[PDB]
Structures are given as structure tokens and as C-alpha cells.
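Engineer: mind folding the following:
(2 chains)
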Amino acid sequence: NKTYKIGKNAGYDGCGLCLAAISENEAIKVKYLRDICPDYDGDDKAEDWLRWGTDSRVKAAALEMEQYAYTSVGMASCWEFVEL
Amino acid sequence: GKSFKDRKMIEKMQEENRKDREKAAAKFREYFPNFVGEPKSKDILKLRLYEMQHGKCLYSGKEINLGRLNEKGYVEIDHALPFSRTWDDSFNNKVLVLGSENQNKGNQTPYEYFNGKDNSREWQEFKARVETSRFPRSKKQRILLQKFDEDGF
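Structural biologist: Numbers count the residues shown, from 1 in each chain, chains lettered A, B, ... in the order given. Take a look:
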């Protein structure tokens, strides 16, 4: 589970499940699930990506990020992104 | 396949959780009548942690202005113990902190950040803040943990 520092202009908003775009070993953009899917009303636990990774706007958000950087699902925590 | 008792508890739990969700949302709206949109779980939890922490940033002790609770970048819910080192995504690990203070702490634990190994004054004051919060004892314990096994990560 590689871990990356989240960049200063990435959209950090505390802990939470998110997509991250990784460039030069840094998360240059994060998009939290709770923002991508305004219907995720949960509590940001790691195993919830096994369910939520399939939602269409998550795939759509990831595909856009992939146009410029390696993208993965994971967890934002303490200014780090952890790939899940 | 389900017992009678299980059927009745499922119904009562679903209704009680609907009431609890409904009262929490109305309470939030009472304090933030001008909140634009529908308050989400993160917003409700910010208010709950604000109350459990007596209105103070857990890392700095600075007073959080309740009027600014939902301001962009002002305060955040984050993990006390970094997920990358603990896999801990639990409620017991969640704290309400000023964004600037959270950025300063970064991927350190509170024990590291406040120099708990020297039993420093800052560590004693942080522990005192945690102990006087309205956190359950297991949540207080989690935030103050000193020993970690990071080999599974």
C-alpha cells in the first residue's frame, strides 16, 4: 500500500476515502468519495472501496484524473494518501 | 430464517435511527440556518466533535468559532493516528482540529508531535485536553497511544 504526501493545492479536506492523482510521488489532486458521490453518507472506512469502487461517477472521476496522472482509490489521512 | 425477536429489533432500530438522524439534522440547521444545501455526515460529526471537545481545537487548544464551523479550510475532521501507519479509520481515531494545526502535525502521532517521550509540558497539556474532553475512555486511550506495530504496512 504505497503512501504519498498530499500536495498543498490538492483539495485536502481532512480524513476520508478519495481518489488521488499521483505525480512525482505526490498526490497532486484528491477527490473525496463524499464529494464525488453526495449519497455516500458513511464514515470513511477502508473496506468501503470494495463496494464503492464501481459507481459510475467514481469511474468517471478516475478516468478524467487518469488523463494527466496515475490515479487510484484510497484513503486521505494526516495529509497522506494511502492506496487501497 | 429470522427470529421474531430479530424482526422486532430490526424495525425498532430502523425507526430509532431515523429519529436520531432527523433530530441531529434539525439541531444542525438551528445553529446554521443559512447553511446552503443539506448537511452531510461530515458536517453533523463536526458539530458533535465540537461539543465533545468543548469548542477547542484538539491539537492547539485554540477556541473554534462555532459560527465558522463550516468555513472552507477552517477546521477539519482528521485521524489522530495516521491511517498509513495504523489502518485505523474508526470513530475513536477522529478528531476536530484547525486546518493549519492539522497541517503542522502531518503524519506524526500525537505522542511524537507533542514529544511524549520526554513527558514534555506540551504532551501533558495535550493529554489533559484529551482527558477532559467528553470522549469515551476508549477514544481517549486511542488518541494517546504510544506503541505501534507498522510491520503489517
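Engineer: show me where chain B has its strands.
Structural biologist: With DSSP state E, the ranges of strands along chain B come out as B:75-79, B:94-98.
Engineer: so which bits of chain A are right by chain B?
Structural biologist: By Cβ under 8 Å from any Cβ of the partner chain, the residues of chain A that approach chain B are A:1, A:3, A:12-16, A:34, A:38, A:41-46, A:75, A:77-80, A:82. (Each C-beta comes from the backbone N, C-alpha and C, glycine too.)
Engineer: one step back: make a markdown table out of the strands of chain B and add mean neighbour count and distance to chain A.
Structural biologist: Formatted as a markdown table, the strands of chain B follow (neighbours: other Cβ atoms under 10 Å in any protein chain shown; distance: least, Cβ to the nearest Cβ, whole Å):
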| stretch | mean neighbour count | distance to chain A |
| --- | --- | --- |
| strand B:75-79 | 25 | 3 |
| strand B:94-98 | 24 | 7 |
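Engineer: tabulate these (TSV), appending distance to residue B:34.
Structural biologist: Compiled in TSV, the strands of chain B are given as follows (distance: least, Cβ to Cβ, whole Å):
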stretch	distance to residue B:34
strand B:75-79	18
strand B:94-98	21
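Engineer: what's the next secondary structure element after the top helix by length along chain A?
Structural biologist: When chain A is scanned for its longest helix (criterion: DSSP state H), the result is helix A:56-66. Using DSSP states H and E, the helix or strand that follows helix A:56-66 in sequence is strand A:70-77.
Engineer: from the contact counts, what lies against that following strand?
Structural biologist: strand A:16-23, helix A:56-66, strand A:80-83, helix B:83-86 (3 or more Cβ pairs under 8 Å, 6 or more residues apart in numbering or on different chains; DSSP states H and E).
Engineer: ok, which of these comes nearest residue B:124?
Structural biologist: Ranking these by proximity to residue B:124 (Cβ to Cβ) places helix B:83-86 first, at 23.4 Å.
Engineer: are the closest one and chain A in contact anywhere?
Structural biologist: Yes. Counting by Cβ under 8 Å from any Cβ, chain A has neighbours in helix B:83-86: B:83, B:84.
Engineer: list the contacts of that helix.
Structural biologist: Residues outside helix B:83-86 that contact it (Cβ atoms under 8 Å, 6 or more residues apart in numbering or on different chains) are A:1, A:3, A:15, A:46, A:75, A:77-78, A:80, A:82, B:79, B:89, B:93, B:107, B:109, B:148, B:150, B:153.
Engineer: among these, name the buried ones.
Structural biologist: By neighbour count, with 16 or more other Cβ atoms under 10 Å in any protein chain shown, the contacts of helix B:83-86 hold A:3, A:15, A:46, A:75, A:77-78, A:80, A:82, B:79, B:89, B:93, B:107, B:109 as buried.
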